[PDB]
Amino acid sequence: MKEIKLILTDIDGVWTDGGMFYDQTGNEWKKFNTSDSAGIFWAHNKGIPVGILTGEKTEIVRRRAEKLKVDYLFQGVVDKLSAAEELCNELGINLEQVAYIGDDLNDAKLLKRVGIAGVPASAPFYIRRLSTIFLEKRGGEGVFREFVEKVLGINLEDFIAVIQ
């Protein structure tokens, strides 16, 4: 795989199946998958920071990013390519050293510019075709984990090393 210095990810439709739960009181939910925490685990084990880029803006995602010790959190993002470029500039890397996973229209410009692009199997066809690696899983199934494990070449020997 390409040398990756930063992993960036969308939330809805990647860390979730796109589900947006609404009640009668103005409250809102998302359903995360505990499996995706291993994505952060493996990135951090390799010395790679992870950032969230999302167009939504919620306390739900603030809490999840905190629980998982995600390095960067940008919400209400209107232009994900610009946000990514700006963070790359701050970090001293280029987009070719970024791996980004996203599933929809607001992800497309960024997906086309990154070193490794991932798109869940549940995504619209014209977004899926931008993926540069195959991902088997759908949003919310542990596809963030699947993406990280492939991008970083996590293998049986890595597994054995961590559970000793």
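Numbers for residues come from their place in the sequence shown, where the first is 1.
For the pair 54 to 62 and 91 to 99, the mean Cα B-factor is higher in 91 to 99. Of the two segments, 32 to 40 and 122 to 130, the one listed with the higher mean B-factor is 122 to 130 (C-alpha atoms only). In the deposited entry, the Cα temperature factor of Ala84 sits in the top third of values across the chain's modelled residues. Sort the chain's modelled residues by C-alpha temperature factor and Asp12 lands in the lowest third, per the entry. In the PDB entry, a CA B factor belonging to the middle third of its chain's modelled residues is recorded for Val77. Sorting the modelled residues of the chain by their CA temperature factor places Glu141 in the middle third. Among the modelled residues of its chain, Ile116 has a C-alpha B-factor that falls in the middle third according to the deposited record.
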